[PDB]
Ligand SMILES: *[C@@H]1O[C@H](CO)[C@@H](O[C@@H]2O[C@H](CO)[C@@H](O[C@@H]3O[C@H](CO)[C@@H](O)[C@H](O[C@H]4O[C@H](CO)[C@@H](O)[C@H](O)[C@@H]4O)[C@@H]3O)[C@H](O)[C@H]2NC(C)=O)[C@H](O)[C@H]1NC(C)=O
Ligand SMILES: *[C@@H]1O[C@H](CO)[C@@H](O[C@@H]2O[C@H](CO)[C@@H](O[C@H]3O[C@H](CO[C@H]4O[C@H](CO)[C@@H](O)[C@H](O)[C@@H]4O)[C@@H](O)[C@H](O)[C@@H]3O)[C@H](O)[C@H]2NC(C)=O)[C@H](O)[C@H]1NC(C)=O
Ligand SMILES: *[C@@H]1O[C@H](CO)[C@@H](O[C@@H]2O[C@H](CO)[C@@H](O[C@@H]3O[C@H](CO)[C@@H](O)[C@H](O)[C@@H]3O)[C@H](O)[C@H]2NC(C)=O)[C@H](O)[C@H]1NC(C)=O
Ligand SMILES: *[C@@H]1O[C@H](CO)[C@@H](O[C@@H]2O[C@H](CO)[C@@H](O[C@@H]3O[C@H](CO)[C@@H](O)[C@H](O)[C@@H]3O)[C@H](O)[C@H]2NC(C)=O)[C@H](O)[C@H]1NC(C)=O
Ligand SMILES: *[C@@H]1O[C@H](CO)[C@@H](O[C@@H]2O[C@H](CO)[C@@H](O[C@@H]3O[C@H](CO)[C@@H](O)[C@H](O)[C@@H]3O)[C@H](O)[C@H]2NC(C)=O)[C@H](O)[C@H]1NC(C)=O
Ligand SMILES: *[C@@H]1O[C@H](CO)[C@@H](O[C@@H]2O[C@H](CO)[C@@H](O[C@@H]3O[C@H](CO)[C@@H](O)[C@H](O)[C@@H]3O)[C@H](O)[C@H]2NC(C)=O)[C@H](O)[C@H]1NC(C)=O
Ligand SMILES: *[C@@H]1O[C@H](CO)[C@@H](O[C@@H]2O[C@H](CO)[C@@H](O[C@@H]3O[C@H](CO)[C@@H](O)[C@H](O)[C@@H]3O)[C@H](O)[C@H]2NC(C)=O)[C@H](O)[C@H]1NC(C)=O
Ligand SMILES: *[C@@H]1O[C@H](CO)[C@@H](O[C@@H]2O[C@H](CO)[C@@H](O[C@@H]3O[C@H](CO)[C@@H](O)[C@H](O)[C@@H]3O)[C@H](O)[C@H]2NC(C)=O)[C@H](O)[C@H]1NC(C)=O
Ligand SMILES: *[C@@H]1O[C@H](CO)[C@@H](O[C@@H]2O[C@H](CO)[C@@H](O[C@@H]3O[C@H](CO)[C@@H](O)[C@H](O)[C@@H]3O)[C@H](O)[C@H]2NC(C)=O)[C@H](O)[C@H]1NC(C)=O
Ligand SMILES: *[C@@H]1O[C@H](CO)[C@@H](O[C@@H]2O[C@H](CO)[C@@H](O)[C@H](O)[C@H]2NC(C)=O)[C@H](O)[C@H]1NC(C)=O
Ligand SMILES: *[C@@H]1O[C@H](CO)[C@@H](O[C@@H]2O[C@H](CO)[C@@H](O)[C@H](O)[C@H]2NC(C)=O)[C@H](O)[C@H]1NC(C)=O
Ligand SMILES: *[C@@H]1O[C@H](CO)[C@@H](O[C@@H]2O[C@H](CO)[C@@H](O)[C@H](O)[C@H]2NC(C)=O)[C@H](O)[C@H]1NC(C)=O
Ligand SMILES: *[C@@H]1O[C@H](CO)[C@@H](O[C@@H]2O[C@H](CO)[C@@H](O)[C@H](O)[C@H]2NC(C)=O)[C@H](O)[C@H]1NC(C)=O
Ligand SMILES: *[C@@H]1O[C@H](CO[C@@H]2O[C@@H](C)[C@@H](O)[C@@H](O)[C@@H]2O)[C@@H](O)[C@H](O)[C@H]1NC(C)=O
Ligand SMILES: *[C@@H]1O[C@H](CO)[C@@H](O)[C@H](O)[C@H]1NC(C)=O
Ligand SMILES: *[C@@H]1O[C@H](CO)[C@@H](O)[C@H](O)[C@H]1NC(C)=O
Ligand SMILES: *[C@@H]1O[C@H](CO)[C@@H](O)[C@H](O)[C@H]1NC(C)=O
Ligand SMILES: *[C@@H]1O[C@H](CO)[C@@H](O)[C@H](O)[C@H]1NC(C)=O
Ligand SMILES: *[C@@H]1O[C@H](CO)[C@@H](O)[C@H](O)[C@H]1NC(C)=O
Ligand SMILES: *[C@@H]1O[C@H](CO)[C@@H](O)[C@H](O)[C@H]1NC(C)=O
Ligand SMILES: *[C@@H]1O[C@H](CO)[C@@H](O)[C@H](O)[C@H]1NC(C)=O
Ligand SMILES: *[C@@H]1O[C@H](CO)[C@@H](O)[C@H](O)[C@H]1NC(C)=O
């Protein structure tokens, strides 16, 4: 089934206006980078074999091309992480006193106690992600081993997880202390309640709504953050994208390593065995068969890595755009920064990726009102300045569109244009 | 190094072509890398083995070059789509997307043509000299709460004004700058002050 | 001739073995190769006698040097290298065939003999030795004791012996009893006479077949085993399992029957010494890429080297950098020639794991430039003066114009496949 | 009768060591969940027939007081062709490879009433021709004796395992790999075989088939579990995913 059947109660004089709202926080995960991998083509093909390397020299610069491609991929991974996270010229720090109008960012702000200054949710994500073989990470010595020992090496990322967490903390502090001003210039302090009032104005809801429902809105935000924490703690499929990227990379590396056991038509898949049994002239044929097979395997691996790196670069560009347009500002683009009317977004660092906590405004409780496009008062047609005309059955009011706040229709809520005999659906009513 | 972005594309294409051309000098296991030399020394039946070795090697080189070119062309197409979007949304209009058309509040952009690329001159508005003011969410006047129609309430230390958010020009808080909603008992942080 | 500022990956480095080690079982009894090749009488082609020989030290040097063998062909190995190879076991198959049919005995051959009485596998690994035995086998009156099979129902599988004597039928008609219409005896004698010319005289043929890498070695060449050392880069050789790496005593719980050990990549990561039954870990000697950090041929010929993925203790023709005096160990690898500092600046040359390199004075004093390594700084710390009831509002503005460069297209190249591959041919 | 071999007849295919890795191998294995013929001796009539031997055999028995003496392998068992006498009687395990005129009732004559000693030796008449001899293994033996015999490329591989059990009328539930024991390099072909007994019988006979198995090696060696990659679609999926 595609979903529950619904039939909107559409009428030519009926409107539904929400009377309440819910503050929804939803998580979005985006891969930002993949493990750097450098492969010594000569070692992989002809590990410790001068004759095999001399034979390989007859193939030109294939090894140089492959090494160049992989180096480009690694540098591009560093560039992806830099572009996504280094969006703040200053490392903003949140004040010691967390007087944010009732909103509670404890679970996303850094935890000084931990050796890594990561938030609760960031630690949850880092624990949730599992790698595969080895990400040498917490390695105090050489790299993994089996893969590491066949001419394949993994280069550490330029920015450590601590540095990524520092960037995320700077972004979060800048947001919660200065709204969107730090993304356009010097961060301009503003009380968080007033910042949220600005956001409500941005989504077209009057700020008095927030100032009158501040406690409820703060409670809803805190509950949503707690729900996100609980979901991350319980479920394990949330980070499927990052896990899939890691698994794809590990599987490609495993296939490349396993291809070293293929005879490719040679007497044996062991270069030492071939060289220790045959004389130079006849051994060249077997060595050439092995060289051809292993070179084809390496070329296939490098092409797959290039395609995957292009995909990851597209994802990282999307993540950088999301950071700029949701964390550093309020986005009017629908469904870009989450579902509902976007209010604000919070970044969280994840292994080889980023997690966005999109805070959105969702209308909750919608009522039945009769509506008219204009009001006839004294032979003149009155239209609402900002809002819509509604009726509860007997009296007519003008209300903002996203929240039922009925008000008396006056000459200040409306403007005049023309007369009564043009607008289709105009209704008679006094304008005070 | 201003146009390094375009220089990198030019360099990559030139280097790929250079590698492809240099690959013609490889033996690939044949007696020689020169087709004419192979054909002028061995009669057809023997010459064909060397010719086939060279054919395999050169075909592999061409395939590698073409695949790399296809991937690079996909990347350049992504960049060109981004450039077209930037033209449409920054030159032909004013963008409210943050950091899309430059750093700051976008005002306008001017395109300039560069070899195999485009240069956008993004004009943005950057607030410069901030000053600290005391502020309140609403104002209590007569048992009623007054909110700014568009702006923020600020105090220089003794008096309260209403100013636009992005530029400081204080104004007297009147019934025209503000709107009323409810009473004083609900808004957190409301302050007494007369509304003219 | 001029290199721009940056970090460049150059030739890798590897720890070469200090010496070579071979460990062979100290079996003493010599192989009965002479006895096999001396046999009083060789079996017929159809009943080729197969002798299993093992648990002996084989010395192929004397066999190869002996000039009594007219034909000596090896297929899966080389005769010179045979003296340095260890085999699980060896088969010696002896018989006498026609001289001109000796070439028919090679693997993957066709002919009466190869298709009926003695077939070798296509992947045969061994050596075929033949020599004329006319004076010793052929009789003046005509020696016909040698029999061969001429007819068979179907081609016999390799290394198959057929001693059946049932008569053969060459048509559809049945052949009951011991004889019938067009019924022929499958065994035909050999017309060996001294007067016969080359190609018809009897030829004593002995086939040596041996398999590898399927069981513990029992036949080994005459190689003198040396001592055993560990914790050093060495070219090891256990029962012919040649390789290079660092030997180390292991705690692996090898079962009594287990000899080798394999990792998840399926490569030899543990071996059992044939002389003393102990389990030694196998580890290739350290290796890794070498990356050179330079501030540009512009600015200074001084450079710093990074042995990425390598401990500084472990450390290319040039070795003046081994002395060091400024060796720095980083998560990216060993950095040599760069002065570590405790400051923090913007990343100039990325090394990895948050470490960057830059060229500046920093004393080593003033005006004395050198390459330094530091932990990159993300930016200047800032503490927004956040408070409830406090707001900051700009009183001015600046009109900033910034440039953004975007690639749009690349040069169109048309490469003619036929012209490129087979230019004018 | 018949009985179910849940996960029996699993042996170490090769002589290499593997730890904490899942290895896929193809060889002659006993398929999971298959009949293995079960034999009983009644007191009269005595049941101890000659069994076929094609592409290996799996043997199991609840040996008590070492009633099971050994096995005969061959093609005719009439002294016309070579035969095998893998048996341990009271000295070390003696293996004979010759031509023997096997009696119509080859068994160790024991009278059951204390007279539990071999009296009538009708195993064979003489070695007659004989090729190769092997005498070794000076070792003795509610307990299950599992054996796997396979004759391939002129090698008679034998695998064995010892484990106490508690079941009576069915094979035990669990897993236990079979270590190699000996590798007799004989070089003949075997079509029939028969066990030996002394005067009851309780032993099962299986048949190896060429199948691919996914063997699991534990932290510290040893095979802890295996998957028959042709048993069912779930096993095929497990084999494909190497998990
Ligand atoms: C593969 O490797 C590990 C290590 O090689 C191995 O696990 C080990 O098993 C032995 C079992 O004896 C453990 O030894 C124990 O040590 C503790 C502390 O010193 C003792 O208290 C134990 O004695 C008590 O328990 C015994 C039962 O285990 C009783 O028989 C005894 O009477 C005592 O009540 C015992 O000596 C050893 O600690 C572990 N080592 C590790 C690292 O776990 C294991 O056999 C293999 N792992 C597999 C098959 O998964
Ligand atoms: C649609 O919205 C209309 C709002 O104007 C509803 O009309 C209002 O309904 C309420 C509830 O009955 C009524 O309140 C009180 O009315 C009586 C006298 O009114 C005095 O107090 C009110 C206070 O609001 C004041 O505005 C009046 O001028 C007067 O001083 C009370 O005795 C009674 O107990 C009740 O509490 C409003 O008077 C009434 N307002 C008008 C302009 O009619 C209307 O009912 C609603 N229709 C539907 C179908 O829901
Ligand atoms: C708009 O939506 C919010 C909830 O999203 C409404 O607030 C909720 O109102 C109900 C009833 O007033 C509350 O239930 C109460 O819960 C307490 C426990 O705290 C219990 O003791 C009571 O018996 C009752 O069940 C609910 O807690 C409250 N939720 C929150 C987050 O405040 C709100 O009333 C709605 N506004 C309008 C005008 O309908
Ligand atoms: C912002 O959210 C966090 C997480 O909810 C708040 O910290 C949490 O506060 C609750 C209640 O104090 C803790 O639950 C219980 O606390 C009592 C203390 O005696 C005890 O029964 C248990 O220790 C139990 O945990 C909860 O543990 C605690 N979690 C953390 C990470 O501190 C925090 O209070 C909120 N910030 C503000 C300013 O309200
Ligand atoms: C590079 O090599 C050195 C030396 O191996 C590493 O420093 C540490 O040095 C000690 C002794 O040389 C190594 O073992 C030690 O054993 C004693 C007990 O006898 C123990 O108390 C020590 O804590 C230490 O474990 C140790 O393996 C070695 N540490 C490492 C990681 O190798 C140095 O850390 C190495 N650096 C890198 C990047 O590999
Ligand atoms: C109130 O909206 C109603 C439509 O529901 C309009 O209805 C009627 O419109 C005409 C014009 O005033 C009136 O009836 C007709 O017009 C003349 C005067 O123009 C009237 O005297 C005749 O009786 C004729 O039938 C009628 O006043 C009005 N109905 C009402 C007021 O109940 C009307 O346009 C709107 N009210 C006005 C124009 O006063
Ligand atoms: C905050 O802003 C208000 C409004 O400007 C300041 O009050 C104003 O102070 C000026 C002083 O120049 C008054 O204007 C002038 O006063 C002098 C002195 O009497 C007089 O001679 C001039 O003719 C002119 O009127 C202005 O009347 C006064 N406005 C009000 C409503 O009181 C206030 O001083 C500022 N506070 C701080 C801390 O900056
Ligand atoms: C904004 O304007 C209102 C109106 O004055 C202020 O609230 C009023 O403040 C006074 C003095 O605190 C309150 O008087 C008190 O009355 C109680 C008895 O109810 C008495 O026990 C106390 O000693 C005191 O005299 C008054 O109740 C309170 N409300 C009203 C309607 O007058 C408010 O303080 C102003 N906001 C600020 C920050 O000053
Ligand atoms: C708001 O910003 C603008 C500049 O961003 C300030 O206006 C004037 O800008 C010009 C050019 O930057 C400067 O001119 C000055 O002229 C004086 C008089 O000769 C000279 O002494 C200065 O050295 C400088 O050249 C200066 O920034 C400024 N003009 C003055 C008299 O300061 C403006 O002052 C800023 N504040 C506002 C509008 O309140
Ligand atoms: C809103 O009021 C009535 C209530 O009956 C409406 O009819 C319902 O309209 C809304 C649709 O949003 C829902 O209450 C129900 O789904 C509708 N009834 C159905 C589907 O059976 C009416 O359309 C609107 N205006 C009025 C009554 O004035
Ligand atoms: C919405 O539709 C209704 C009718 O479907 C309109 O009300 C009718 O208008 C006609 C013409 O004035 C009258 O004859 C009917 O008596 C009215 N009621 C009916 C037909 O049920 C109404 O004007 C329409 N409103 C809008 C904005 O289109
Ligand atoms: C804003 O910040 C001030 C100071 O931090 C807070 O003032 C406190 O107000 C409560 C009562 O509302 C008192 O119990 C505290 O003693 C006050 N603290 C100080 C230092 O004065 C104020 O509560 C905060 N919130 C608002 C809306 O102003
Ligand atoms: C046949 O037997 C002899 C001895 O076993 C092998 O070696 C010969 O020994 C005699 C006496 O020492 C020497 O005179 C010969 O020169 C040796 N001949 C060779 C070839 O070494 C001999 O090799 C055997 N001939 C075979 C096996 O073909
Ligand atoms: C800006 O606010 C200043 C004081 O606010 C803060 O005070 C300490 C705690 C530090 O955090 C400091 O960096 C902050 O500025 C006041 O001097 C004044 O109200 C304001 N200054 C201006 C020019 O507006
Ligand atoms: C071979 O000599 C070595 C020591 O040099 C010894 O370990 C080995 O046991 C000897 N072979 C025997 C006793 O069979
Ligand atoms: C590098 O080139 C530029 C100008 O051509 C300039 O910085 C300098 O003269 C050169 N030498 C340096 C930077 O040491
Ligand atoms: C940096 O600080 C550490 C520890 O305090 C010290 O060992 C070191 O000498 C300092 N300077 C350098 C260049 O390492
Ligand atoms: C044993 O054979 C019977 C058929 O008589 C059938 O149950 C199946 O093939 C085997 N039994 C089990 C439980 O697998
Ligand atoms: C296998 O054994 C049977 C009967 O003993 C015999 O007929 C056949 O020749 C043997 N096969 C081979 C290849 O010896
Ligand atoms: C068991 O068989 C072996 C070999 O024939 C023999 O040496 C031994 O005496 C026999 N033992 C008994 C009790 O018959
Ligand atoms: C196996 O041979 C040994 C020789 O010591 C003997 O002690 C034991 O009784 C024999 N076991 C069996 C089952 O024949
Ligand atoms: C085996 O039997 C054949 C036929 O008599 C004979 O040639 C051969 O010598 C015999 N082997 C032994 C050891 O008696």
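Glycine gets a Cβ as well: all are built from the backbone with ideal geometry, and neighbour counts include every protein chain shown. None of the figures in this text is laboratory data; all of them are computed from the coordinates on show.
Only beta bridges with both residues in chain C are counted; by DSSP, about 90 percent of them are antiparallel. Taking every DSSP helix (H) stretch of at least 4 residues in chain A, weighting each as -39,500 (n - 2.57) and dividing the sum by the residue count yields a mean residue ellipticity at 222 nm of -13000 deg cm²/dmol. For chain C, the mean residue ellipticity at 222 nm estimated from helices alone is -1500 deg cm²/dmol, where every DSSP H run of n ≥ 4 contributes -39500 (n - 2.57) and the total is divided by all residues, rounded to the nearest 500.
If the viscosity is 1.567 mPa s and the temperature 4 °C, what translational diffusion coefficient in µm²/s does Stokes-Einstein give for the stretch A:323-393 when Rh comes from Kirkwood over Cα pairs? For the chosen part, D equals 83 µm²/s. Calculated on the alpha-carbon coordinates, the convex hull of the stretch C:303-362 measures out at 99 cubic angstrom per residue. What's the average, rounded to a whole number, of partner chain beta-carbon atoms within 10 Å of each residue's beta-carbon in A:148-156? The shielding value for this peptide is 5. Cα-based values for chain C, radius of gyration first and Dmax second, are 37.6, 130 Å. With Rh defined as the Kirkwood radius, the inverse of the mean 1/r over Cα pairs, the Rg/Rh of the stretch B:49-196 is 1.42. Note on residue B:108 and residue C:103: their simple-model spin labels are 9.3 nm apart, each label 7 Å out from Cα toward Cβ.
Could you tell me the calculated FRET efficiency between residue D:4 and residue C:162, based on Cβ-Cβ distance and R0 = 45 angstrom, to the nearest 0.05? Approximately 0.55, to the nearest 0.05. Label-to-label distance, residue B:62 versus residue D:21, with points set 7 angstrom from Cα along the beta-carbon direction: 4.2 nm. Here, chain A is characterised by an Rg to Rh ratio of 1.18, where Rg is the alpha-carbon radius of gyration and Rh the Kirkwood radius. Taking the alpha carbon gyration tensor of the stretch C:318-425, multiplying each eigenvalue by 5 and rooting it gives semi-axes of 43, 35, 14 Å, largest first.
Going by how many other beta carbons lie within 10 Å of each one, how would you line up D:40, B:106, fewest first?
With the fewest neighbours first, D:40, B:106 line up as D:40, B:106.
Based on alpha-carbon atoms, the Kirkwood radius and the radius of gyration of the protein assembly as shown give Rg/Rh equal to 1.11. Among the residues of D:221-233, the average count of other protein chain beta-carbon atoms within 10 Å of the residue beta-carbon is 1. If I take all pairs of Cα atoms in the stretch C:207-344, what percentage of them are more than 20 Å from each other? Of all Cα-Cα pairs in the stretch C:207-344, 62 percent lie more than 20 Å apart.
When the alpha carbon gyration tensor of the stretch A:235-391 is reduced to an equivalent ellipsoid, its three semi-axes come out at 67, 15, 13 angstrom, largest first.
Measuring spread by the Cα atoms of the stretch B:132-191 yields a radius of gyration and Dmax of 10.8, 31 Å.
Using the Cα coordinates of the stretch A:249-295, the gyration tensor eigenvalues translate into equivalent-ellipsoid semi-axes of 24, 9, 7 Å, sorted from longest to shortest. Reducing the stretch D:220-243 and the stretch C:281-312 to their Cα centroids gives an inter-centroid distance of 45 Å. Computed on the stretch B:42-119, with alpha-carbon pairs under 8 angstrom and 6+ residues apart, the relative contact order is 17 percent. Take each residue in B:56-63, count the other chain C-beta atoms within 10 Å of its C-beta, and the mean is 5. Each of residue A:132 and residue C:179 was given a label point 7 Å from its Cα along the Cα-to-Cβ line. The distance between the two points is 7.7 nm. Sorting A:313, C:50 from the fewest to the most surrounding beta carbons within 10 angstrom yields C:50, A:313.
Going by the alpha-carbon gyration tensor, a ≥ b ≥ c the square roots of its eigenvalues, is the stretch A:1-104 rounded (a/c under 1.5) or, if a/c is not under 1.5, prolate (a/b greater than b/c) versus oblate? The shape class here is oblate.
Per-residue Cβ neighbour counts within 10 Å put A:41, B:140 in the sequence B:140, A:41, beginning with the fewest.
With contributions of -39500 (n - 2.57) from each DSSP H run of at least four residues, the per-residue ellipticity at 222 nm computed over chain D stands at -1000 deg cm²/dmol.
What the Kirkwood sum gives for the stretch A:346-432 is a hydrodynamic radius of 15.2 Å, with every pair of different alpha carbons counted. The distance linking the stretch B:97-152 with the stretch C:1-66 is 81 Å (Cα centroid to Cα centroid, whole angstrom). Each principal axis of the Cα atoms in the stretch D:153-243 has its own extent, and those three values, largest first, are 49, 38, 30 angstrom.
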